[PDB]
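Below sits a lone chain in structure tokens, taken as the form solved without the partner chain.
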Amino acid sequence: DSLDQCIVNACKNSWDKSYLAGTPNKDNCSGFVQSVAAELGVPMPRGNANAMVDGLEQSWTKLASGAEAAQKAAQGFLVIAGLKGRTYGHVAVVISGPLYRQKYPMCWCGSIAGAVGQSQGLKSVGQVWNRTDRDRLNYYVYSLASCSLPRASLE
């Protein structure tokens, strides 16, 4: 029912899927983003989190802040938070919601690291990422909103 409901729905539905067959999305940050993007019909760079960040860096509009990221997600756009790693990077889906410490937007993500890198919408990016990394995040937004108009039957 909210304007961005399709984002949260795609996050929820992608959680137990395995974009990389044999590897649950909750244990695979890249696969979880791929599955969300595919449910939304949003074309997404392939490969691991690092290669995905490279692709988004080349093609997607980069947002100025985490605040701005939650604002776009609230309008029904797919918003990816990403940061390259020395060995492994990490990507998450930004969702609308109160900012953590007035700065870091709520997110969904899986992770091969386990519970520390996982969020079912209950952690912000500033809790998922290390405190040295959370101020260094890149927020990329797709060029068209994914969600549709609310139902005509709505009051």
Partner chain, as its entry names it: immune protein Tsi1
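Whichever C-alpha set is largest while still superposing within 1.5 Å between the two forms counts as the rigid core. Positions refer to the first chain, counted from 1.
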Q: Give, as the answer, the stretch of 109 to 117 and 88 to 96 that departs more from the shown form in 8 other deposited structures of this protein; the measure is RMS Cα distance after a core fit.
A: 109 to 117
Q. What stretch has the higher average Cα B-factor here, 58 to 66 or 105 to 113?
A. 58 to 66
Q | Between the two ranges 24 to 32 and 38 to 46, the one averaging a larger CA B factor in the entry | A | 38 to 46
Q) Whose C-alpha has the highest temperature factor in the PDB entry: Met52, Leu99, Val125, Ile95? A) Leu99
Q. According to the PDB entry, is the CA B factor of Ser143 in the bottom, middle or top third of its chain, that is, lowest, middle or highest?
A. middle
(Q) Could you place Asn13 in the lowest, middle or highest third of its chain by Cα temperature factor, using the values in the record? (A) lowest
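Not pictured, yet referred to below: the form solved in complex with the partner chain.
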Q. Is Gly117 one of the residues lying within 4.5 Å of the partner chain in the entry with it bound, judged by heavy atom distances?
A. yes
Q.
Even though the partner isn't displayed, in the entry with it bound is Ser111 close enough to the partner chain, meaning a heavy atom within 4.5 Å?
A. yes
Q.
If we define contact as a non-hydrogen atom of the residue within 4.5 angstroms of the partner, is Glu39 a contact of the partner chain in the entry with it bound?
A. no
Q) Does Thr61 make contact with the partner chain in the entry with it bound, using a 4.5 Å heavy atom cut-off? A) no
Q: Report yes if all three of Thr87, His90 and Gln127 come within 4.5 Å of the partner chain in the entry with it bound by some heavy atom, otherwise no.
A: yes
